[PDB]
Amino acid sequence: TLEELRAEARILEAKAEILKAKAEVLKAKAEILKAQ
Amino acid sequence: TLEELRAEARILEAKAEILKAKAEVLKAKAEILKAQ
Amino acid sequence: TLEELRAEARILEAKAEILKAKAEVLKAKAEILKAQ
Amino acid sequence: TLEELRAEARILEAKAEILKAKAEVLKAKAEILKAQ
Amino acid sequence: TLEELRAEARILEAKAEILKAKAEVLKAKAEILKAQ
Amino acid sequence: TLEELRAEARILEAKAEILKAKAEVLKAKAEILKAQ
Amino acid sequence: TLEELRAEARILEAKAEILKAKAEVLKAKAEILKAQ
Amino acid sequence: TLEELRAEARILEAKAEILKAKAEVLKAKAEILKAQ
Amino acid sequence: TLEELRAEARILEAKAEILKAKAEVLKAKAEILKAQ
Amino acid sequence: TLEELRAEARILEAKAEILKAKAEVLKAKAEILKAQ
Amino acid sequence: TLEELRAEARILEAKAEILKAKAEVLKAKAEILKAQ
Amino acid sequence: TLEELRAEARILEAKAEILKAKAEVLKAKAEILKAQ
Amino acid sequence: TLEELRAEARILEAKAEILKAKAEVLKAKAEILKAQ
Amino acid sequence: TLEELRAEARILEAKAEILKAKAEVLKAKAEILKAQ
Amino acid sequence: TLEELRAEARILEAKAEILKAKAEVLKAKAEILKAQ
Amino acid sequence: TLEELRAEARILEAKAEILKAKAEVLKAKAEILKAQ
Amino acid sequence: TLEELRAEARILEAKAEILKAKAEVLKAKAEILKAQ
Amino acid sequence: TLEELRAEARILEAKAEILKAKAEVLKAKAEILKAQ
Amino acid sequence: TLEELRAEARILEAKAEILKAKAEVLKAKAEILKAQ
Amino acid sequence: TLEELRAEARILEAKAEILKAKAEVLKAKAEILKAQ
Amino acid sequence: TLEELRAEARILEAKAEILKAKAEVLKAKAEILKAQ
Amino acid sequence: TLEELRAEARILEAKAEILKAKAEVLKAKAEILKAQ
Amino acid sequence: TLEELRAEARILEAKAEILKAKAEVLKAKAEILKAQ
Amino acid sequence: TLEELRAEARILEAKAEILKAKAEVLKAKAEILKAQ
Amino acid sequence: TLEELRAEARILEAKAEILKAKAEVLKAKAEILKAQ
Amino acid sequence: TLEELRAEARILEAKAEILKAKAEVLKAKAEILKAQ
Amino acid sequence: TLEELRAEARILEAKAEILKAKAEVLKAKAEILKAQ
Amino acid sequence: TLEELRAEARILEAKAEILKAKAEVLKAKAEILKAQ
Amino acid sequence: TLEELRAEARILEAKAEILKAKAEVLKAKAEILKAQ
Amino acid sequence: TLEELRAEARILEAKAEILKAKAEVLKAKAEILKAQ
Amino acid sequence: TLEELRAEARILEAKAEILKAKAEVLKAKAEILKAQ
Amino acid sequence: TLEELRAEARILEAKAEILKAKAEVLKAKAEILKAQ
Amino acid sequence: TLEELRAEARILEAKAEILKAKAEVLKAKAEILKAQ
Amino acid sequence: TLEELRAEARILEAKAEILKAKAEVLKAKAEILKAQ
Amino acid sequence: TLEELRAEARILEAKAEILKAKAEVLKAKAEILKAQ
Amino acid sequence: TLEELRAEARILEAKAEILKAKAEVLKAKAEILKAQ
Amino acid sequence: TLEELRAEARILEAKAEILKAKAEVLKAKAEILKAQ
Amino acid sequence: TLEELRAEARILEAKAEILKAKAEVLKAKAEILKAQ
Amino acid sequence: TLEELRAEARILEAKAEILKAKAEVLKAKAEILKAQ
Amino acid sequence: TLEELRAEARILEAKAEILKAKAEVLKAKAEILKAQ
Amino acid sequence: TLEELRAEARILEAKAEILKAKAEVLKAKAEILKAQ
């Protein structure tokens, strides 16, 4: 269970990181919208 | 129990971080809505 | 009991943080509702 | 008793913080209700 | 007795803070009831 | 006696503050009863 | 005696303040009884 | 004697204030008895 | 003597004020006795 | 003598005021005796 | 002499006022004797 | 399951990195739009 | 599946790197636009 | 499929490198534009 | 009986006050009849 | 009966206040009739 | 019935307040008629 | 009915406030008429 | 009906606020008329 | 209708704010007229 | 209509802000007139 | 119209900012006038 | 028009920044006038 | 016109930066005047 | 004109940088004046 | 003119760098003055 | 003139570098003064 | 003059390098002073 | 004529008030003549 | 004429107020003459 | 003439206020003469 | 003349304020003379 | 003369403020004399 | 004279501030005298 | 004289600040005396 | 004298800072006395 | 004297810093006393 | 004396730094006490 | 003495660094206690 | 003694470094505990 | 002793390095645990 919960931590750690780079697409998306 | 509660802390630590990047999707979502 | 109460502190520390990021979902939720 | 009362302080310190983030859920809950 | 009364102060300091956040639950509770 | 009376002041200072936040629970309790 | 009477003033100063917040519990107690 | 009488003034100044808040407990005590 | 009589004035000024708040305890004491 | 008589006026001014609040204790004393 | 007689007026002005509040002690003294 | 979840972590780790360099295309895209 | 998912990781690792050097073309593209 | 995906990795690895040296043409292109 | 007679006083106290404001309707009723 | 008579006092207290503001409509009604 | 009569008090309390501000419209209405 | 009458109180509370600011328009209306 | 009356409260709350700032235009309007 | 009335609240909320800053133009307008 | 009224809110939000900085020009305008 | 009103918001957002820095010229203008 | 208004935003964004550094010349101008 | 206005932005961006470093000469100019 | 204005930007970019290092001479000039 | 202004940029770029290393002589000059 | 100014740049480039190594003599000069 | 200034650059390039190795004598001089 | 007669009332209202404060100068004029 | 007579009222309103404070100088003038 | 008479009102408004604070100097002047 | 009389108002406004704080020196001057 | 009278206002504005803080020295001077 | 009077203002501005912090020494001086 | 008076301002500015931190020693001095 | 008074400012600037950190020793000194 | 007073400043600057880190020992000393 | 006082500064500079890292031992000491 | 005090500085400099790495053992010690 | 104290520095320098790498064993020890 | 302490330094220098490579075994140990 211990390493399993360590693994269940490990999969949920990854799911945040996709949403992090999802925001950074939207971050420079506005940077196009202001540099013009 | 001790390392188990340490693990039950560890899984609940991860569940916050998905909601953190969930907000940051919505953060730059408005930044598109103002840079236009 | 001491480290146990330290652990019972430690689990209750985590339960606040989910509610913190729960509010920040609702924080930028209104920010969509004003940037439009 | 001293560190025990220090620990009994420490558990009661945590119980306030859940109620703090409980209010902040309700804080941005009205912020949805005004940004619309 | 001195540090003991300092500790008996310290436990009674914590008991106020739960009631403080207890009110702030009720504070934003009415804020839902007016933002609608 | 001096620091002892200073400590006996210090414990009695705390006992007021619980009653202060006890009233503020009842303060916003009526605020629910009028915002509806 | 001087600082002692200053301290005997200081303890009796605290005893009023508990009764002050004791009244303010009863103050908003009637405010529930009229907001309904 | 001068600062002593100033101190004997200072202790007797405090004894009035407990009776002041003693009346204000009784003040809002009737306010419960009329708001019902 | 001058500042001494000024101080003997100052202590006798305080002794009236305890009797003032002594009456105001009795003032709202009858106010309980009529609001019922 | 002038400021001295001004001071002898000043101490005798205070002695009236204790008797003033002495009457007002007796004033509301009858007010208890009629509100019942 | 002029300001002196003004001061001798000023001390004799105070001596009336003690007798004024002396009567008002006796004024409410009968008011106890009739409210019963 | 453990190495499998380690592998399911490993594929989801890669999917973030494409979106990271996707933003950096848009990052220097605005840098053309300001250096002119 | 394991080495297959390792391979499906391996192809998706390459697709990021083309976009990385795609940005660096645009990086020095603005550097021409400022060195003049 | 495995060595095929290894080969499909291998062709896509090459396509990045042309764009890498494409940028380095533009890198020293500005270096002419500043050394003059 | 005592608090009951205090209550029977309390209801009869209210019945006067309706007649008081009943007269004050008629008071300004003539004030219309003279300001014209 | 006691709190009931307290409530029957409480409803009859309200009925006076409508008649109070009823007069004050008529109060400024004549004030229009004299300021012209 | 008790809280109901408390509520029937509470609705009749509101009906006075509209008439209060109704008079204050007429109050400053004459104040226009005299400041000219 | 209770919360309904609480709501019927709540709508009638609002209708006074428009008339309050209606008077304050007329309040400063005369203040123009006197500052000239 | 409840949230509807809460909404009918909510629209009537807004209509007062325009009249509030309508008065404050007239408030500083006289302040021009006196600072000259 | 509910979100529509929430929107009809939302447009009427904005119309007050223009009048607020309209007054503050007139506020510092007199401040020029007194600093000279 | 909803996002349209959200947009009609959004344009009227901007019109206040020009008047805000219009006042702050006049704010420091008097600050020149007093620092001399 | 939507992005157009978003653009009409966007131009009116800029017009405030010139007036903001217009005030800050006048802000340090008085700071010269006091540092001397 | 859209990118044109985006450009008309972009030129007006620059005009604020000259005035920003114009103030900061005046900011340290007083800092010379106080460090002496 | 678009890239031209982008260029007219680009020249006006540079003119601020000379004034920025102009202030920072004056910034450390006072720092000599206080370190002595 | 475009690359010319880009060049006229480019010469004015250089003139700021001499003044930047001009300040940093004065920056460490005071640092000698405080390390002694 | 273009490459000439590029050259006039290029000579003025060099003149800053002598002043940069001029400061760094003074930078370690104080470092002798503090390491002793 | 062009290559001449390129040469006049080239001689002034060298004069900075002597001062750079002049500082680095003083840099390790303090390093003797602290390693002892 | 051109190759002459190139030569006058070339002699001044050498004079820095003696001072560079002059510092490196002092560099390892402290390294003796710390390895002991 | 109506507002004119209202204005002719308004000027004649002011002429009384100067004579009112004219008497109050003479009122305290005798109060000097008796306090001496 | 109307606003002119309103202004001729307005100047004559001010002339009374100087005489009002003229009397109050004489009011406390006798209060010095009796407190001595 | 109108704003001139408004200004002639404005200067005569100021002349009263000096005499107002002139009396208040004399007001507390006697308060020194009685507190002694 | 208008702004001149506005300025002659402005200097005479200041002369009152020195006398205001002149009285408040004398105000707390007696407060020393009674607190002793 | 105008800015001169503005300056003669400005010096006389400062002379009041020294007397203001002169009183506040005497204000807390009595506060020492009563807290003992 | 103008900047001189500005300077004579500037020195007299400083003399108040020493007296301000002079009072605040005496402010917390009594705070020692009551916290004991 | 001008920079001299600026310097005489500058030395007198420093003398206040020692007294400011002198009070703050006494500020937390009582905070020890109450936390016990 | 000028740099000397600048130096006499500079030594008196340092003497405040020791007293600042002297208070902060006493600041956390009470923080030990409350965290127990 | 100048560099000497600069040195006497420099030694007194160091004496504050020991007391600064003396407080920070006591700062985290309480942090042990609350984390338990 | 100068370099000697510079050295006496230099030894006292070191004595603070041991106490700095002494606190940081205690800093992470509590961090063990909360991470469990 | 000078180099001796420089050496006595040098030994005391080393004693801090052992305590620095002593804390960093305890720093990652808690990092084990949270990563589990 | 000098080189001896330099040597006693040199041995104590080594004892820190073992504890540094002792922590870094524990540093990556937790990194195993999170990468799983 | 000197070379002996140099040797006792030299053996203790080696004991750190085994622990350094001991950590680096554990460093890449987790790198296996993440590359899968």
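Residues numbered from 1 in each chain as written, not as in the entry; some residues may be left out. Chains lettered and ligands numbered in written order. Heavy atoms only, no water.

As recorded in the PDB, this entry has the title "Cryo-EM of Form 1 related peptide filament, 36-31-3-RD".

Helix and strand content of chain A: one helix and zero strands. Within the span of chain A, comprising 36 residues, buried residues form 50% of the whole. Here chain A has roughly 1,800 Å² of accessible surface; of this, 59% comes from carbon and sulfur atoms. Placing the 8 positive and 7 negative side-chain charges of chain A at their respective mean positions leaves the two points 10 Å apart. (Helix = DSSP H or I, 4+ residues; strand = E, 2+ residues; numbered from the N terminus. Buried < 20%, exposed > 50% of the residue type's maximum accessible area, 1.4 Å probe, protein only. Areas by Shrake-Rupley, 256 points an atom, 1.4 Å probe, with all protein chains shown as cover. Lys, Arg positive; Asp, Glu negative; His and termini not counted. Charge placed at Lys NZ, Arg CZ, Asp CG, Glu CD.)

Now for the interface of chain X and chain W. Contacts between the two partners involve 14 residues from chain X and, on the opposite side, 16 residues from chain W. Of the roughly 1,300 Å² buried at the junction of chain X and chain W (both faces included), carbon and sulfur atoms supply 84%. It is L12, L26 and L33 of chain X that lose the most area in chain X upon contact with chain W, and together they represent 34% of the buried surface on that side. At the junction of chain X with chain W, the criterion picks out zero salt bridges. Linking chain X to chain W there are zero residue pairs in polar contact. Taken together, the residues of the side of chain X that touches chain W break down into 10 nonpolar, no polar and four charged. (Contact = heavy atoms within 4.5 Å. Buried area = accessible area lost by both parts, 1.4 Å probe. Salt bridge = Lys/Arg side-chain N within 4 Å of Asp/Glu carboxyl O. Polar contact = N/O pair within 3.5 Å; in protein donor to acceptor, adjacent residues only side chain to side chain. Nonpolar A, V, L, I, M, F, W, Y, C, P; charged D, E, K, R; others polar.)

Moving on to the pattern of salt bridges. Residues and elements named next belong to chain I. Using the criterion set out here, one finds 123 salt bridges over all chains in the structure. The salt bridge involving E13 is made with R10; its shortest N-O contact spans 2.4 Å. Taken together, the positions of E13 and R10, both in helix α1 (residues 2-35) and three residues apart, correspond to about one turn of that helix. The partly exposed category is assigned to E13, whose relative accessible area is 31%.

Once that is clear, we can look at empty space enclosed by the protein. For the structure on display, the rule yields five cavities of 30 Å³ or more. Taken together, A35 and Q36 of chain S, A7, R10 and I11 of chain AE together with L2, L5, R6 and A9 of chain AF make up the lining of the largest cavity. Those elements that provide at least two residues to the lining of the largest cavity are α1 (2-35) of chain AE together with α1 (2-35) of chain AF. Take the lining of the largest cavity: its biggest share by element is four residues, from α1 of chain AF. (1 Å grid on protein atoms, 1.4 Å probe; cavity = no way out; pocket = protein on both sides within 12 Å on 5 of 7 lines; lining within 4 Å. Points joined across faces, edges and corners; volume = space filled by probe spheres on them.)

A few words on the nonpolar core. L12, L19 and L26 of chain E together with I18 and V25 of chain F are the most contacted members of the largest nonpolar core, which totals 15 residues. Elements that contribute at least two residues to this core include exactly α1 (2-35) of chain E together with α1 (2-35) of chain F. No other element matches the eight residues that α1 of chain F contributes to this core. Excluding residues within four positions of it along the chain, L26 of chain E makes contact with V25, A28, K29 and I32 of chain F. (Core = buried A, V, L, I, M, F, W, Y, C linked by side-chain atoms within 4.5 Å.)

In this section: the interface of chain F and chain E. Chain F puts 15 residues into the contact, and the matching count from chain E is 17 residues. Here chain F is connected to chain E by zero salt bridges. For the interface between chain F and chain E, the tally reads zero residue pairs in polar contact.

Regarding chain D and chain F, which are not in contact, the minimum distance between any of their C-alpha atoms is 13 Å. What separates chain G from chain I at the closest point of their C-alpha atoms is a distance of 13 Å, and the two make no contact.

The next subject is the side chain of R6 of chain AM. Looking at the secondary structure, you find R6 of chain AM in helix α1 (residues 2-35). Residue classification places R6 of chain AM among the buried positions, given a relative accessible area of 13%. A polar contact is formed between the side chain of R6 of chain AM and the side chain of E3 of chain AM, at a distance of 3.2 Å. Apart from the residues within four sequence positions on either side, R6 of chain AM is in contact with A35 and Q36 of chain Z together with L33 and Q36 of chain AA.

Let us now look at the packing of helix α1 (residues 2-35) of chain A against helix α1 (residues 2-35) of chain B. At a minimum axis distance of 8 Å, the contact between α1 of chain A and α1 of chain B shows a crossing angle of 10°. Accordingly, the angle class assigned to the pair α1 of chain A and α1 of chain B is roughly parallel. Of the residues in the contact of α1 of chain A with α1 of chain B, the class split is 18 nonpolar, no polar and 10 charged. (Axes fitted to C-alpha atoms, helices over the stretch in contact; angles between N-to-C directions. Parallel < 35°, antiparallel > 145°, perpendicular 65-115°, else oblique.)

For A35 of chain F, the position within the fold is in helix α1. Ignoring any residue separated from it by four or fewer positions in sequence, one finds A35 of chain F in contact with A30, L33 and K34 of chain E.

For the rest of this paragraph, the subject is the environment of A30 of chain AJ. Along the chain, the position of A30 of chain AJ falls in helix α1 (residues 2-35). Judged by its relative accessible area of 5%, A30 of chain AJ falls in the buried class. Filtering out sequence-adjacent residues up to four positions away, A30 of chain AJ remains in contact with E31, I32 and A35 of chain AI.

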